[PDB]
Amino acid sequence: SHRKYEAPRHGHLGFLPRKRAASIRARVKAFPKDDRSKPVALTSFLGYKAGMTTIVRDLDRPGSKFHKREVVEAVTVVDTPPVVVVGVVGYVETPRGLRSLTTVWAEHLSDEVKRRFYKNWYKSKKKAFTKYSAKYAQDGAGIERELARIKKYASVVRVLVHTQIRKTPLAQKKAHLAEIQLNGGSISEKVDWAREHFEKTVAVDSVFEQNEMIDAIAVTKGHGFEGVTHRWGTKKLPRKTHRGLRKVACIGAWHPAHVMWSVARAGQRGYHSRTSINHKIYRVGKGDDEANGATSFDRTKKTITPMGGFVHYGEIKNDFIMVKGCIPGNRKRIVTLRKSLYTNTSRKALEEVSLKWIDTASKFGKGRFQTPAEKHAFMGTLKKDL
Amino acid sequence: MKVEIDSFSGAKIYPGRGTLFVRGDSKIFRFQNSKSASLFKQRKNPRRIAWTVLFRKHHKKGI
Amino acid sequence: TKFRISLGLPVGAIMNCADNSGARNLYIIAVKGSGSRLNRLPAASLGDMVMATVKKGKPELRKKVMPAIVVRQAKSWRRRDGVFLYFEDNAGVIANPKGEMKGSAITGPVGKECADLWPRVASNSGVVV
RNA sequence: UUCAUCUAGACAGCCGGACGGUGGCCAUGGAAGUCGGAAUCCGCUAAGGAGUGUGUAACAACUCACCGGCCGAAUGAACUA
RNA sequence: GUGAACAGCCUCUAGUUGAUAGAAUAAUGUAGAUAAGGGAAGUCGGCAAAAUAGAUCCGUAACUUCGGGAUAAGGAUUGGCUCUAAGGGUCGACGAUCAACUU
RNA sequence: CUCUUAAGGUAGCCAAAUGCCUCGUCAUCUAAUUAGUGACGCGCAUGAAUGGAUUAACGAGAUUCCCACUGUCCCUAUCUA
RNA sequence: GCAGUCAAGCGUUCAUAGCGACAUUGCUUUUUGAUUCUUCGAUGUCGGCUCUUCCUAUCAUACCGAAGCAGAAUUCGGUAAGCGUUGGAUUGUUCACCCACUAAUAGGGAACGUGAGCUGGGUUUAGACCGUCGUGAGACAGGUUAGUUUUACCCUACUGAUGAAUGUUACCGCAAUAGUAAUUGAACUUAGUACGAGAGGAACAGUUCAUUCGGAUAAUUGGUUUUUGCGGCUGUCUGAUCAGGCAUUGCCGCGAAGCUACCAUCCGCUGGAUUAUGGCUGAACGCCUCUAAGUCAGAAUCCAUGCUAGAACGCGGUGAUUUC
RNA sequence: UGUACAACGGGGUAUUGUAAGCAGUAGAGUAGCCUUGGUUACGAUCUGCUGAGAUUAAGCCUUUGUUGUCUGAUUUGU
Ligand SMILES: [K+]
Ligand SMILES: [K+]
Ligand SMILES: [K+]
Ligand SMILES: [Mg+2]
Ligand SMILES: [Mg+2]
Ligand SMILES: [Mg+2]
Ligand SMILES: [Mg+2]
Ligand SMILES: [Mg+2]
Ligand SMILES: [Mg+2]
Ligand SMILES: [Mg+2]
Ligand SMILES: [Mg+2]
Ligand SMILES: [Mg+2]
Ligand SMILES: [Mg+2]
Ligand SMILES: [Mg+2]
Ligand SMILES: [Mg+2]
Ligand SMILES: [Mg+2]
Ligand SMILES: [Mg+2]
Ligand SMILES: [Mg+2]
Ligand SMILES: [Mg+2]
Ligand SMILES: [Mg+2]
Ligand SMILES: [Mg+2]
Ligand SMILES: [Mg+2]
Ligand SMILES: [Mg+2]
Ligand SMILES: [Mg+2]
Ligand SMILES: [Mg+2]
Ligand SMILES: [Mg+2]
Ligand SMILES: [Mg+2]
Ligand SMILES: [Mg+2]
Ligand SMILES: [Mg+2]
Ligand SMILES: [Mg+2]
Ligand SMILES: [Mg+2]
Ligand SMILES: [Mg+2]
Ligand SMILES: [Mg+2]
Ligand SMILES: [Mg+2]
Ligand SMILES: [Mg+2]
Ligand SMILES: [Mg+2]
Ligand SMILES: [Mg+2]
Ligand SMILES: [Mg+2]
Ligand SMILES: [Mg+2]
Ligand SMILES: [Mg+2]
């Protein structure tokens with residue numbers, strides 16, 4: 001007989017299977033459509049989620065109840081030191097999809113990216129790319145031949161870039177290497193851009209700008225094996241239930257005489273690849289710029305780092321991207337920020353946000369002071385110091 | 001933005017921090033955190049709570 | 001016309017009557033504009049119009065369904081300016097379906113969202129937040 | 001299949017006419033061809049119904065049956081499986 | 001010892017240290033807890049849980065077989081410390097000496 | 001007025017743990033009540049030691065409402081072994 | 001139970017806007033019967049809770065056609081199951097009924113889905129009471145009260161998790177296939193405008209929010225406390241002090257981290273092809289004709305974009321490949 | 001054999017709420033003494049040193065300090 005009271009199904013069947021992502025770095029499965037009149041540019045960037053904070057800004061939304069008023073908003077900080085371009089990959093199109101024809105690497109690779117090709121770096125002889133670097137022996141004839149092949153072919157061009165994880169406070173020391181599509185015209189000049197940027201750094205400010213809508217692609221925080229109640233949001237069974245209540249009561253009818261794929265089951269929760277779109281960049285700040293956390297309204301010379309450091313992360317010392325709201329992935333996780341795949345014009349995008357104040361109170365507690373100088377001024381002199 | 005003052009402890013309240021309590025008589029109390037909020041609800045006197053600005057002022061601490 | 005306010009007054013909640021209509025409390029039986037979800041109680045927030053009965057109060061006002069407007073919540077809710085605020089009690093005022101108050105005076109403070117949503121409540125209100 | 005129209009011009013198509021006796025008689029507050037009953041007529045007639053519709057409170061007025069101007073050979077109706 | 005108490009809790013004498021262990025801390029469990037706002041809307045049904053609770057003082061309705069109901073209902077107080085007052089024995093209207101707790 | 005029995009259900013009580021019709025009718029209780037209570041009684045099929053009616057007190061008996069209380073629920077979360 | 005055909009009539013006129021007698025053709029298996037084919041060395045017997053999926057005879061939402069469609073509202077109908085279809089009082093109840101919200105509170109199937117998922121209020125063991133019946137033991141689709149809900153560790157299914165084999169190993173990728181998701185409302189304005197004698201009274205475009213759902217996240221607020229972190233308190237033990245033990249986490253207040261809440265916040269894409277339908281040209285049938293050839297637009301539909309997984313017997317690029 | 005790693009230490013951050021000890025013409029009062037205005041003793045508590053003390057990664061941040069560690073086993077060939 002029928003369900004006898006309608007309810008929406010629990011969970012989204014389009015995010016199946018709820019299995020662990022095959023890699024800790026979520027793959028970018030779609031790049032922005034190529035407009036071949038614009039200059040050559042990366043379609044994405046690699047960063048490390050540092051943590052969240054809060055900002056105050058005047059809302060610009062005519063017709064809204066809070067128009068020209070002050071709104072407090074949550075923001076996520078992504079430590080984004082410049083990425084080192086170390087190679088180029090050419091992609092030809094086939095009746096069976098895109099296919100990598102050849103990859104041309106830079107002559108010199110840093111130990112950061114070399115560690116990525118090693119499970120046991122400490123006891124290896126570090127022979128990686130030693131014979132490849134010999135292709136630059138006298139004139140780089142083989143490198144030029146491969147680049148000529150990429151120009152003659154490879155309707156899609158991607159650069160291989162790696163993070164400078166040594167500039168982050170992470171203990172990993174092993175760089176993250178990824179392919180970033182080169183948008184802009186003339187595959188020939190895509191290859192020229194890649195070759196000219198071999199062994200060179202590209203900063204996040206050359207990829208992204210303020211008020212831009214971007215997408216965050218990351219593996220979510222893992223939670224291990226989870227019951228249906230929290231994995232799918234199913235109703236808790238009554239307290240009277242024998243054999244447990246954090247379950248689904250009926251996991252299927254008599255026919256089909258099988259548990260169906262659509263029924264909520266206990267299993268792995270979190271550590272899933274997610275691509276969340278339309279996150280507005282609130283700041284493109286620079287590590288070399290002190291007063292990173294300052295605004296035109298605050299003028300207090302302070303960095304983006306909260307007092308005591310970002311909890312479980314450390315201090316931001318590099319370029320950083322501050323996006324509105326929250327993004328998938330936990331602190332210290334590698335995330336990929338990609339340009340939006342469409343042109344959003346909705347007055348939520350295209351809104352020019354000007355931060356009035358960035359919170360730098362300690363996230364290790366109920367932080368009361370934005371700066372150590374402010375703590376000094378409020379508290380007065382102490383016994384130890386001050 | 002304007003930095004508020006804790007009605008109980010006198011600590012600086014930055015935007016989003018703590019809570020705001022509107023009493024029956026429409027008096028407004030701002031608490032920087034749940035510690036001061038809970039002490040106020042317990043009806044403790046800030047003049048007796050040794051870490052508050054009011055206590056330190058009444059006891060001539062720091063000045 | 002108003003942002004989402006954390007619902008703190010589900011069906012069956014009894015709030016104080018803040019008007020001078022002679023009612024002492026309002027008993028929530030419904031929330032206007034509330035959605036549908038299995039087992040989910042209709043719940044009201046500050047500024048919402050509810051359907052209510054007078055549990056204690058004037059006998060002429062008791063034993064019937066009437067519109068009411070929530071003017072105090074007592075459940076902490078977040079304003080867009082980042083302020084988490086709450087009242088000491090849940091309170092509402094008897095009104096007609098068009099939002100005009102049955103009483104002529106408000107006792108105690110009134111939420112800004114409720115005052116902005118309902119001009120008659122704002123006109124009869126004293127302290128707003 | 002059966003019955004019809006047709007080079008003595010079939011049907012369709014465009015345009016002209018579509019009167020007089022006559023607001024025919026009666027029921028209706030008013031009904032003139034046309035909400036309704038009966039009578040189902042002729043003179044002019046190639047031709048016109050006391051009326052095929054639209055329209056009017058009733059009129060008036062368009063419209064079609066009917067006959068014509070033009071083109072020039074097949075066409076129409078009811079049936080059967 | 002606390003406490004009205006052979007209650008509960010801690011300790012002395014005496015006895016035991018016996019229940020297969022080690023490492024991790026997923027789901028679901030069994031046992032024990034907490035929870036914003038609402039307060040039975042859950043459910044057959046307040047099931048389960050929570051709330052109350054000792055003692056002192058005040059106050060206590062209907063009904064009643066006058067015996068009860070009754071701890072009705074409903075209130076207030078309670079720590080520590082320093083004191084004050086009252087309540088005795090024995091011996092020779094008073095003196096000497098001795099003494100334990102309850103208010 | 002009749003037929004009629006041994007006598008024809010008296011005092012009481014009731015949609016009662018006894019009433020089919022029935023979720024009876026009225027009132028109250030609620031926003032809403034096949035529930036509860038108070039009434040009514042041509043009562044399928046109430047009723048007098050097969051005891052009737054009522055009763056203070058008592059009840060791990062059945063039931064309704066109210067105050068307090070709460071994770072029973074809204075709507076779940078967290079912690080310990 | 002649902003749907004047709006005819007058309008005497010209703011509909012002021014007018015059979016077919018909407019209906020529709022007398023008749024008649026069907027469909028369905030969510031009624032109840034009929035039967036007794038399966039099961040009596042046993043398929044757990046009501047209802048609810050929970051959860052998934054399916055159907056469409058479509059309540060709502062999308063786009064439309066018709067009206068006795070002026071507007072508003074409404075009615076009939078088409079494509080359409082993509083998407084939603086509720087909170088409660090009484091009752092074990094299915095059913096019913098009422099209150100209320102809502103865009104709507106559509107109807108159903110899945111062994112009258114679902115008891116090694118629950119529950120056990122009812123029916124339907126044994127106790128007991130009443131009424132009627134019986135001489136009686138006892139009977140009662142009559143009422144009432146109490147009444148043990150057992151087992152999975154196997155196989156498969158499902159959910160997640162490893163993994164041999166391809167020379168080895170490592171990095172970066174491709175994408176067959178499978179899944180897929182967003183939903184609905186309100187306010188402002190349009191506009192007191194179109195329409196209408198008036199009463200009343202829209203819609204497109206735009207804006208701000210909200211509902212239901214989903215995926216994340218913990219800056220803030222709240223919850224959680226074995227941080228047994230700090231403080232306080234009782235009883236007792238360590239001669240007193242200091243500092244501690246025990247009270248099965250002794251209790252209380254605060255409590256960082258972590259986890260977590262529409263109790264918090266953030267985010268949830270745009271192209272093509274179509275259905276109904278409305279058209280273009282245009283014969284059939286010198287006219288007419290959206291249709292026959294051809295063709296335009298067009299739905300919450302479909303397929304893509306995008307999103308999830310990555311075939312462990314699909315593929316590509318690239319690095320290093322053992323002196324002994 | 002290092003912008004190495006670890007264990008401690010330091011600092012920052014955060015939590016609680018002012019440690020022990022000493023002292024005091026603080027202390028409701030009480031009991032002695034004699035030079036009769038003090039002194040001695042008991043005293044919940046109060047005040048000062050003292051926003052002190054304690055804890056702070058166990059999944060906080062940081063570190064010119066101190067101390068130490070850094071070749072064990074198995075297997076893999078086109
Ligand atoms: K059988
Ligand atoms: K917390
Ligand atoms: K102790
Ligand atoms: Mg349904
Ligand atoms: Mg969630
Ligand atoms: Mg059980
Ligand atoms: Mg924090
Ligand atoms: Mg907190
Ligand atoms: Mg329910
Ligand atoms: Mg004693
Ligand atoms: Mg609670
Ligand atoms: Mg509470
Ligand atoms: Mg209450
Ligand atoms: Mg209920
Ligand atoms: Mg219910
Ligand atoms: Mg019930
Ligand atoms: Mg109980
Ligand atoms: Mg009593
Ligand atoms: Mg009492
Ligand atoms: Mg009688
Ligand atoms: Mg009776
Ligand atoms: Mg009765
Ligand atoms: Mg009830
Ligand atoms: Mg009897
Ligand atoms: Mg069996
Ligand atoms: Mg079976
Ligand atoms: Mg259909
Ligand atoms: Mg069944
Ligand atoms: Mg089963
Ligand atoms: Mg069972
Ligand atoms: Mg069952
Ligand atoms: Mg039972
Ligand atoms: Mg029995
Ligand atoms: Mg008998
Ligand atoms: Mg011991
Ligand atoms: Mg202890
Ligand atoms: Mg045409
Ligand atoms: Mg065609
Ligand atoms: Mg594979
Ligand atoms: Mg340290």
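Proteins get letters first, then strands, A, B, ... in listed order; numbering begins at 1 in each. In what follows, every heavy atom counts, from backbone to side chain, and hydrogens, waters and symmetry copies are set aside.
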Nearest of [options] to any side-chain atom of [X]?
X        : options                : answer
A:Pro8   : E:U28, G:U212, G:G317  : G:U212
A:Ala74  : G:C172, G:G255, G:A219 : G:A219
A:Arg274 : G:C269, G:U308, G:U159 : G:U308
A:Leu160 : G:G179, G:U50, G:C172  : G:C172
A:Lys49  : G:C49, G:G310, G:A218  : G:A218
A:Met260 : G:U52, G:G317, G:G255  : G:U52
A:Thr220 : G:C269, G:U217, G:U221 : G:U217
A:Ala128 : G:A110, G:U217, G:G319 : G:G319
A:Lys240 : G:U211, G:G120, G:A320 : G:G120
A:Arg239 : E:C47, G:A309, E:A27   : E:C47

Q. Does A:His12 lie flat on the base of G:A181, that is, centres under 5.5 Å apart and planes under 30° off?
A.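 Here A:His12 meets both the 5.5 Å and the 30° conditions.
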**Q.** For A:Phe15, all residues meeting ring-ring contact (aromatic ring centres under 6.0 Å, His included), sequence neighbours excluded
**A.**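 For A:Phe15 the ring-ring contact (aromatic ring centres under 6.0 Å, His included) partners, ignoring immediate neighbours, are A:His12.
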Q. Would G:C27 and G:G68 pass as a Watson-Crick or G-U wobble pair if both distances have to be under 3.5 angstrom?
A.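 Donor-acceptor distances not both below 3.5 Å, so no.
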Q) 5'-most contact on RNA chain G: A:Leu341 or B:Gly16, nearest heavy atom basis? A)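 The answer here is B:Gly16.
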Q. Mapping A:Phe66 and C:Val65 to their closest nucleotides on RNA chain G, which lands nearer the 5' end?
A.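 Of the two residues, C:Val65 wins.
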**Q.** No-H, no-angle donor-acceptor pair, A:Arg265 side chain to G:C158 base, under 3.5 Å
**A.**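 Such a pair exists between side chain and base.
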Q: Considering only NZ, NE, NH1 and NH2 on the basic side and carboxylate oxygens on the acidic side, decide whether A:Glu146 and A:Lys135 come within less than 4.0 Å.
A: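 Salt bridge between A:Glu146 and A:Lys135, a charged N being under 4.0 Å from a carboxylate O: no.
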**Q.** Pairs touching residues 35-52 of chain C that satisfy salt bridge (charged side-chain N to carboxylate O under 4.0 Å, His left out), sequence neighbours left out
**A.**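 Listed once each, the pairs are C:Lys2-C:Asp48.
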Q | Pair listing, salt bridge (charged side-chain N to carboxylate O under 4.0 Å, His left out) test, anchored in residues 223-244 of chain A, at least two apart | A |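 Residue pairs with at least one partner in residues 223-244 of chain A: A:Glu226-A:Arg269.
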**Q.** Inter-nucleotide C1' distance (G:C14, G:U94), Å rounded
**A.**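 To the nearest whole Å, 49 Å.
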(Q) Within the 4.0 Å limit for protein heavy atoms, which parts of nucleotides 33-38 of chain E are touched? Write it as a string from 5' to 3', B for base, S for sugar-phosphate only, - for none. (A) ---BBS
Look at [X] and [N] and indicate whether a side-chain polar atom (N or O) is within less than 4.0 Å of OP1 or OP2.
X        : N      : value
A:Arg246 : F:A77  : yes
C:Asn39  : G:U50  : yes
A:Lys131 : G:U321 : yes
A:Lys366 : G:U220 : no
A:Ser100 : G:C174 : no
A:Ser1   : G:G113 : yes
A:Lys29  : G:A309 : yes
A:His255 : G:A111 : yes
A:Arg18  : G:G215 : yes
A:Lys235 : F:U76  : yes
C:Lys63  : F:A32  : no
C:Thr53  : F:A31  : yes
A:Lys363 : G:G258 : no

Q) So with a 6.0 Å cut-off around NE2 of B:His59, is the heavy-atom count from everything else above 12? A)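 Buried by this count: over 12 neighbours within 6.0 Å.
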Q. With a non-hydrogen cut-off below 4.0 angstrom, is A:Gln268 in contact with a base, only sugar-phosphate, or nothing?
A.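 The residue A:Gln268 makes sugar-phosphate contact but no base contact.
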State the sugar conformation of [N] as north or south, using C1'-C2'-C3'-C4' as the deciding torsion.
N     : result
D:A32 : south
G:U58 : south
G:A81 : south

Q) Using 30° and 60° as the class limits, which term best fits the ring planes of B:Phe8 and B:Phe40: parallel, tilted or perpendicular? A)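 Perpendicular, since the angle between the ring planes exceeds 60°.
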Q. Between C:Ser45 and C:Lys75, is any side-chain donor less than 3.5 angstrom from a side-chain acceptor?
A.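 Judged by distance alone, the side chains do not pair up.
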Q. Any chance the side chains of A:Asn330 and A:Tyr271 put a donor and an acceptor closer than 3.5 Å?
A.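 Note: A:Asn330 and A:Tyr271 side chains miss the donor-acceptor criterion.
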Q) For A:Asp359, which residues count as a side chain to side chain donor-acceptor pair (under 3.5 Å) partner, sequence neighbours excluded? A)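 Residues passing side chain to side chain donor-acceptor pair (under 3.5 Å) with A:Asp359: A:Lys363, A:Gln370.
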Q | Outermost RNA chain H nucleotides near chain B [under 4.0 Å, heavy atoms] | A |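 Boundary nucleotides touching chain B, in 5' to 3' order, are H:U16 to H:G51.
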